[PDB]
Every structure is written in structure tokens, then in C-alpha cells.
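One structure below.
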Amino acid sequence: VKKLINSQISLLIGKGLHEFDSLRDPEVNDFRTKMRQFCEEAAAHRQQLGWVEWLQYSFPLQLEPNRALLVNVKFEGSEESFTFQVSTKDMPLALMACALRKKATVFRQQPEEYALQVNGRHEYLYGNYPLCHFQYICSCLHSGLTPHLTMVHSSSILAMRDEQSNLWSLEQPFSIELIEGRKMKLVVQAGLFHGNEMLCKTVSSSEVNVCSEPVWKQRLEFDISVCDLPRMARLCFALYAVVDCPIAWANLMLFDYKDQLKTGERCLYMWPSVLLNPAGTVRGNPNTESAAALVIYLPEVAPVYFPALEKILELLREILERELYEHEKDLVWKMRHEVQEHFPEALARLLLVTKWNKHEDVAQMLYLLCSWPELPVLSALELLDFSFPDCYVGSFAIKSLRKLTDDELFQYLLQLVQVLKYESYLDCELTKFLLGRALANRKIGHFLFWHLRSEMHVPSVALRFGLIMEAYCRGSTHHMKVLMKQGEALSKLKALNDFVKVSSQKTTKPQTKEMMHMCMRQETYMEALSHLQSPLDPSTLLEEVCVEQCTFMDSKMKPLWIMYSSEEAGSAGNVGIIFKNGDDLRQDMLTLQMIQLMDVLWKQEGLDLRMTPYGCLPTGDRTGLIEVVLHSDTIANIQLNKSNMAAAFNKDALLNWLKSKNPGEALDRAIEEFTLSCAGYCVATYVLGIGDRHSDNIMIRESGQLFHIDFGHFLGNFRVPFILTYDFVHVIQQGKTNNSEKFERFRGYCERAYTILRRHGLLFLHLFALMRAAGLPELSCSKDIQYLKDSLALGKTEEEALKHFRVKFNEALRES
Ligand SMILES: C[C@H](Nc1ncnc(N)c1C#Cc1cn[nH]c1)c1nc2cccc(Cl)c2c(=O)n1-c1ccccc1
């Protein structure tokens, strides 16, 4: 019985559990235990949660940041439905109060015992809040569509819970003896690093010939006392050749995870190259066989652990804040004590002057860290940055981070996961925290898994991600079932796309399309492809898959197009997803995630650019899912101006198009939608650098809202300036050649959107800092990020920045 599970875990996480054991690594062994029971006691807690507390776990709310409204309401055991009229300002209960009395009359005669399940979705309606504060309601009301809810009893929501049954004396210089290696001449650079910059000095070595397997036994000496290496400090090797050609690199913690200094001899299996790399990880390559190892000797010292801590309890400027000439590092460190007293939110600037190479400053720096008032989240995001490796800051950072909402957590989740690659050991506070939150919220649970599942093909993180995944599973056995269902859909889809690629090679679109439909209609594909939660959205219920509607785009990686339909969800149950295999999909997810962040900040200052935030989810190696936006066409299609329709100038295709989708008065609103979304995405794509936009990767929806697809290009990689296209300019202007009233309302939208993002310019900056961890080729250098500072123009005055933004815009009308 524990063997079925372990086995289902191996399947699910993409690595066999037996590969852990088989490592005889003690660090990994107590990781697996200290975490198995954090997680099971977490689940313990879970199966005794109250019923509403269960709803808040399995189906956490969806929420937006005077008039009336129609709502069909059901019950479980039946199909009889009543329509209502409630306003947008009622609570969920008014509805339920009113829902039972129209029953208490048919069945011929207590609203607090209930919840409104949205229909054919794992979404529910309950709480403090008005009706239109809800993400579904304020959404059905635009679409003007009737909400369809279900009165689900407390007895029913406990039934589901039930189902989910589970020292400092050493003052000589530190040095290593080099030994052998196993792949002109050969060089071996080595630095002592803490975070970003180095403690000691650069230390090359004896030259040898590429005649190698080489042997060095040169005693390599480092410029720093031993009593003064910090608790971290990573030692950082690098192997090249000249008469410079990079070869491999390798890092390692100078201390045991269990705290003690590292002696004495060990073997370093190195990762290759492309030139000395403090940021790569401090575990070694799994490729044992192929891998160039390096062997060194970490010398002896008597069993010196690293001192616990009541015994580091030992001990006009401000044209300053928010790079130095550090004839100013002084006054910062000098009067550090009332930095803490009178300026707490500059903790970071301080750590970035603290001496890590000498333990007296560190002990003193840490001394102010424990008394430090906690920070605002924006600040804690800063401290996660690589250049604050320190266990303690990271503890402080995590400490200040518990004041996150599950909503903001979900909003920064992709970065926090990237941060997991910096961590120097396995059992860190961030991991404990993420699993804590994840186990405590099933939407968080969902997306944490997939952020990890999607990287198990990358050797540098397969072990850690694997390890956490398994823990998550030990604490959520049921949710493991639901994720298998998903991973199997994706397994099959992949096979089906392989077939579609191959088949399309030798035959026509109707033939391959009709062939695919049979592949699908096999018993095995119908079972796998149906009746699962959507990896893109766990409240979306992919149920009965419509094969007649499935197709594939006749382009290079032949993405698939899968429609679905729930009968107990009606029209809002007919949804689709896109399978794409071939491309790395992490670039887009980042882009769509940031854009969605833009729509939140704008909405939080009362500005709705009617944006369009479709899910994008990478699931595996160059493989992931994209969410389908029904009722939408590419501009490029629309502008082909074909015959059929009911356009004398190509300029008018788009507008005519718009007209035919919105006759009578509805064309007013669509133009408006159009104008708003076009302001959003124009500013979105200008701030972010999104390149070569053309009518093939811009889509418009019948409502009018336009949105962008295919985000390959990013942060102005080929300075990307503002773009305004004549033919949306022509739609904005309702047809007219000279509609300055409608066009400048449009310029304002843009200016507002731009200024609102500028006041959070720092959030985006902190968030792009952490993503540097992600290996995204168009996001690695220090000055890919300066693109975002000169976009946001964050170093100018608000009246000045908007001066220059105004130049950029005006030059972009001028193209048309
Ligand atoms: C370009 C269009 N794309 C999206 N359509 C809606 N909703 C989205 N979410 C996306 C998307 C996307 C995307 C791709 N890369 N990054 C994001 C699209 N993508 C496809 C992908 C695979 C297979 C097919 Cl058969 C199609 C397909 O027919 N269209 C399409 C073309 C014109 C009119 C309607 C549909």
C-alpha cells in the first residue's frame, strides 16, 4: 500500500523515487524525513478543518481588485431551476436566502449552511463581499450573461473533505590543495565568493599541458583568515586553456549543511561552458560518466563547527537613499544603529556595505538583524535577491513574507520558485514556506507543482524539484490523483502531436486532421483526454472532449487545438486548450504574467483597460499549454479583406468587421473596448520591450478587446519604442479622418497607464531581479534590466518622465 504510492509518486514527478535512496546522501535523507512529516501533519490539520475552511482550501475565491442582474439557481439532487433578480450589491447569502424560499414554496414548506458552486466549475461563491466584487460575476455582467449557480450544502462540502483521506581561534590563511582532473595549456581560476562579490582575491594556478587527465597537487593559497569565512561563502572553481577557451566550472559550500566546516577531500563533477561563475549551483553534475571531475583537498584544523549564536550576540548624509563612492560606505556602516532606529526600510543598502570577509562586522550586522522591525513585502522581495545569500536575512525575508495574501503569493510564485535555484542547501526556509502555503491552499498547490514538474529535465534542479514534489505528495495524496490525471492527458497529447507532426509531413491538412480524430477516438485517448482539471486553471473543468472541433495549426511545431464541453456547465463549459511542443514556453509565461500584473495595478487605481489575461503554462521540456480565447481572430486574417462578407479600402476591414460583430448600438461599446485594450497593450508592449508585433500575432475579440500572442521577443532584444498602427488608430477614431476627441481620450488612457506603472516601477524591477535565476536567454545580463529602467524612466521626475513619454508617443502617430 505504501508501495503503490511511492510508485505513483515516481510516475508523477518524472523521476523514480529509488534514485533518491540510491544516492546515500545524508542531506537528502533528512530533507526527505524532516519534510515528509511537516507535510503529513499539514495534511493532518487539513482533514479536520471546518466546512467553510475546507471550501477556502480547495476552492479559494476569485475576486476583482446599483443595477440589476439575472441568476438561474439549481440544487444538487435535481434539475429544477429558478431565476432571480438581485442587484450587484447584495451578499452571496441574499441570493441563498431568496433561493430557499422559492423552494420552500414549491416543496410546500437556513442560508448559512450553504455555498454557491459556480456551475460546471470548481469555483464557489461565499462571504463578506458584494456580488460584483466577484471575478465571475463582474464578467458575466459585461458579457451580460446569466450566472448559473448551485446551492451546495455544508453536508456536501464535508463529504469531499472526507474523500481526501490521506570556531574563531583559527587565524591562519585559508587554502586548498588542488590534486587531479579528468577532461595548449591548462589554467584553474578560483575565487572565494559570498553572494555576488568575492571575499578573498582572485587565485589562478600552476600551468599544465592539455595533456589531461592532468595532475596539479599545487597547494593553492587564499588571501583570508579562517576565523573569518562567513557561514555561507561558496568556493568557486573554473577550468580553461590557452598558450582563452572556457571549458567547465564547479561550485561548493565550504560548510556541511549540518553546519561544520568542510574537510578534507572530495570530488567535483563539473558543469561546462558557453567565465567564473558564483551563481551556478553548489551540487555537482549527475552526468558522472561523461563529466570532467576535479579533485581538491580541504585541509584539517584539529572538527570545527560554526558557532551558534548567543555567541555572535557577542557584539546630514541622507542625500542617500531609494552604487556608491564608498567614502560613503563609511557613514552608512558608521551610523548603522539608527539606520535601524530611524530608517528601517534601508536594511538592504546596509548589508551591501557590511564586510563579509571579516566576522566582526558580520556578527555586528546580524546583531541589528534580529531586532529589526519586519519589512514590507516589496522590501522582502529585495532581500531574496542572490546578493543576500545569508540564511538569516533569508529567514528575515521569509519572516517579513508571511504577511502575503494567497493572492499576491500566486502573483509572485514564478519568481519565488526561480529563487529556489540560488539556495545553497536543500532544507531551507523558503522551501518550508512554499510547501507550507501550497499545502494550505490548493490553487497555490497546483501551480507550485507545475512550476517544478516543468523543470525536471534540467539536471541542475531535477533533484531539488523532485525532492519537494515528493514531499507535497506525501501531504496531499488525493491531489496527487488529480495531477496524475493531468500528466496523463499531457502524455497522450504529446503522442498525438508527434503523430500530427509526422503525418502532416506526407499528407494534406484534411487527411491528417481526419486521421488525428481517429487517433483521439481510441478508447485510451478518450479516457486520458477527458474529465480532468485544467493545468492552466484548476477551477476550469475539462470534461467531455469534442473531437470534431479539435484541429492543428498548419505551422512549424504544429500546435494542437483541443475543445471541450461540459453539459452541466453549459456554454461556460465549452472551452479549449492549445498544446504546443517544440518551443520553450517560459518567455511568454513571464510576459503574460507581467501583463497581468499591469492589469492588477491599473485596476487597483480604478483604471480598467479591459485587458485579456489568458493562461500560459509550461509543463515540461519545450512543452506546455496555452488557454483558448474563443471568438477571436487575428488582425492578419481580418485584414486579408476577403470576398464573402457583407470593404472599399483595406483601412476599413477591421472596423467593418467590428460592425458586423456588433450591430446597432453595440458598436459604441466595442470601439471603446477596442480603445482601452489597445491602450493597455501599447503601453504593455512599450514598457516590456515586446518586439516584432505584426498583424499575425495580435488578435481581436468580437467584443472589441484586442490582445497579443507569441511573445518570443523581450526587453528590446532583436531599443524598442512606441508603436501606434494606423488601422487601430482608424478604429479608435470611429471611422473619421479627424476625430481628435476620440484620439486624445486614447492618448490619456496611455498616459495614465504609463504613470501608474511607474509608481510600481520598483515592484517590476525587484521581480525581474529574481527571474534572472530562470536562465531565460533574453533575461540574464545586468543591463537587460536597465531596459526596464529606461522604459519606466524611473530616475526622472513624474512631470519630467511623462515629458519624454510624450515625445515617444507623438513620434508614433507620425508613422501613420
Ligand atoms: C493564433 C491563434 N492563437 C490563439 N487563439 C486563441 N486563444 C489563444 N490563447 C491563442 C494563443 C496563443 C499563443 C501562441 N503562442 N503564445 C501564445 C491560434 N492558435 C492556434 C494554435 C494551435 C492550433 C490552432 Cl488550429 C490555432 C488557431 O487556429 N489559432 C487561431 C488563428 C486565427 C483565429 C482563431 C484562432
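Looking at the range 109-121, is at least one residue more than 33 Å from the chain's Cα centre (by Cα) and in a loop (DSSP other than H, G, I, E, B)?
Initially, the range 109-121 is screened for residues more than 33 Å from the chain's Cα centre (by Cα), giving 109-114.
Okay, now just the ones that are also in a loop (DSSP other than H, G, I, E, B), so 109-110.
Scanning the range 109-121, I find at least one residue that is more than 33 Å from the chain's Cα centre (by Cα) and in a loop (DSSP other than H, G, I, E, B), so the answer is yes.
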**OP:** Scan the range 787-803 for residues that are part of a helix (DSSP H, G or I) and surrounded by fewer than 12 Cβ atoms within 10 Å (Cβ to Cβ) and jot them down.
**Re:** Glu798, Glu799, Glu800
**OP:** Tell me which of these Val187 doesn't satisfy, since it passes every other one: (1) within 30 Å of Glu76 (Cβ to Cβ); (2) over 36 Å from the mean Cα position of the chain (by Cα); (3) among the β-branched types (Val, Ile, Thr).
**Re:** (1)
Original post:
Going by the structure shown, is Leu294 surrounded by 15 or more Cβ atoms within 10 Å (Cβ to Cβ) and of a type in the set (A, V, I, L, M)?
Top reply: yes
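Determine whether the range 326-334 contains at least one residue that is within 31 Å of the chain's Cα centre (by Cα) and crowded, with 17+ Cβ neighbours inside 10 Å.
Within the range 326-334, the subset within 31 Å of the chain's Cα centre (by Cα) is none.
No; the residues of the range 326-334 include none that is within 31 Å of the chain's Cα centre (by Cα) and crowded, with 17+ Cβ neighbours inside 10 Å.
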Original post:
Exactly one of (1) surrounded by 19 or more Cβ atoms within 10 Å (Cβ to Cβ); (2) under 29 Å from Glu323 (Cβ atoms); (3) not basic (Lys, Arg) is unmet by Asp244. Its number?
Top reply: (1)
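I'd like the full set of residues that are charged (D, E, K, R) and either in contact with an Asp or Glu (Cβ under 6 Å, 6 or more places away or on another chain) or surrounded by 15 or more Cβ atoms within 10 Å (Cβ to Cβ) (or both), limited to the range 491-520. Talk me through it step by step, then tell me what you get.
Step one: of the range 491-520, the residues charged (D, E, K, R) are 492, 494, 498, 501, 506, 509, 513-514.
Residues satisfying the conditions are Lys492, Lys494, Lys501, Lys509, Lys513.
Go through the range 425-464 and give me each residue that's of a type in the set (D, E, K, R) and assigned to a helix (DSSP H, G or I).
Here is the first cut: in the range 425-464, the residues of a type in the set (D, E, K, R) are 427, 429, 432, 437, 442-443, 453, 455, 464.
Once the filter is applied, which keeps residues that are of a type in the set (D, E, K, R) and assigned to a helix (DSSP H, G or I), the range 425-464 yields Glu429, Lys432, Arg437, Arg442, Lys443, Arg453, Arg464.
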Subject >> Single unsatisfied condition, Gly264 versus (1) under 22 Å from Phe386 (Cβ atoms); (2) surrounded by fewer than 17 Cβ atoms within 10 Å (Cβ to Cβ) >> reply: (1)
Original post:
Residues in the range 567-579: is at least one within 12 Å of the ligand (Cβ to nearest atom), over 23 Å from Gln522 (Cβ atoms), among the hydrophobic types (A, V, I, L, M, F, W, C) and within 21 Å of the chain's Cα centre (by Cα)?
Top reply: no
**OP:** Kindly indicate whether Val106 is assigned to a loop (DSSP other than H, G, I, E, B), hydrophobic (A, V, I, L, M, F, W, C), outside the structural domain of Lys481 (by CATH) and exposed (fewer than 14 other Cβ atoms within 10 Å of the Cβ).
**Re:** yes
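Taking the conditions exactly as written (under 30 Å from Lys603 (Cα atoms), in contact with a strand residue (DSSP E or B) (Cβ under 7 Å, 6 or more places away or on another chain) and not in a loop (DSSP other than H, G, I, E, B)), does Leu192 satisfy them or not? Lay out the reasoning, then the answer.
Numbers: under 30 Å from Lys603 (Cα atoms): no; in contact with a strand residue (DSSP E or B) (Cβ under 7 Å, 6 or more places away or on another chain): yes; not in a loop (DSSP other than H, G, I, E, B): yes.
So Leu192 fails the test.
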Original post:
Can you tell me which residues in the range 562-592 are of a type in the set (A, V, I, L, M), within 20 Å of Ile698 (Cα to Cα) and in a loop (DSSP other than H, G, I, E, B)?
Top reply: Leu585
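Looking at the range 468-478, which of its residues are crowded, with 21+ Cβ neighbours inside 10 Å and not acidic (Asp, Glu)?
Narrowing the range 468-478 to residues crowded, with 21+ Cβ neighbours inside 10 Å: 468-476.
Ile468, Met469, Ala471, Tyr472, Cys473, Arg474, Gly475, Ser476, listed by residue number.
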Original post:
Are there any pairs with C-beta distances below 8 angstrom linking a residue in the range 693-712 that is more than 15 Å from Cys678 (Cβ to Cβ) to a residue that is more than 8 Å from the ligand (Cβ to nearest atom) and assigned to a loop (DSSP other than H, G, I, E, B), with the two at least 6 apart or on different chains, and if so which?
Top reply: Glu702/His631; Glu702/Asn662; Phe711/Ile690; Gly712/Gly691
Original post:
Being closer than 16 Å to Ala233 by Cβ and among the aromatic types (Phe, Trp, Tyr), is that true of even one residue in the range 250-266?
Top reply: yes
Subject >> Unmet criterion (only one of (1) surrounded by fewer than 17 Cβ atoms within 10 Å (Cβ to Cβ); (2) over 24 Å from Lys803 (Cβ atoms)) for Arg719 >> reply: (2)
Original post:
What is the residue count in the range 633-650 for residues that are within 16 Å of the ligand (Cβ to nearest atom), closer than 19 Å to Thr725 by Cα and of a type outside the set (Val, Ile, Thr)?
Top reply: 6
Original post:
Only one residue in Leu324, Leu350, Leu331 is of a type in the set (A, V, I, L, M), in contact with a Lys or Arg (Cβ under 7 Å, 6 or more places away or on another chain) and closer than 22 Å to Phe193 by Cα. Which one?
Top reply: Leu350
Subject >> All positions within the range 537-561 that are part of a loop (DSSP other than H, G, I, E, B) and either within 10 Å of the ligand (Cβ to nearest atom) or among the polar types (S, T, N, Q) (or both) >> reply: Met553, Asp554, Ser555, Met557, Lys558, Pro559
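Please work out if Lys783 is over 22 Å from the mean Cα position of the chain (by Cα) and either of a type in the set (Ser, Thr, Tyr) or part of a loop (DSSP other than H, G, I, E, B) (or both).
Numbers: over 22 Å from the mean Cα position of the chain (by Cα): no; either of a type in the set (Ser, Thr, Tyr) or part of a loop (DSSP other than H, G, I, E, B) (or both): yes.
Criteria not met by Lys783.
Numbers and lists here come from the model and the stated rules, or from a named source; no laboratory instrument gave them. A quick note on method: Cβ atoms are made from the backbone with ideal geometry, for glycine too, and the neighbour counts reach across all protein chains shown.
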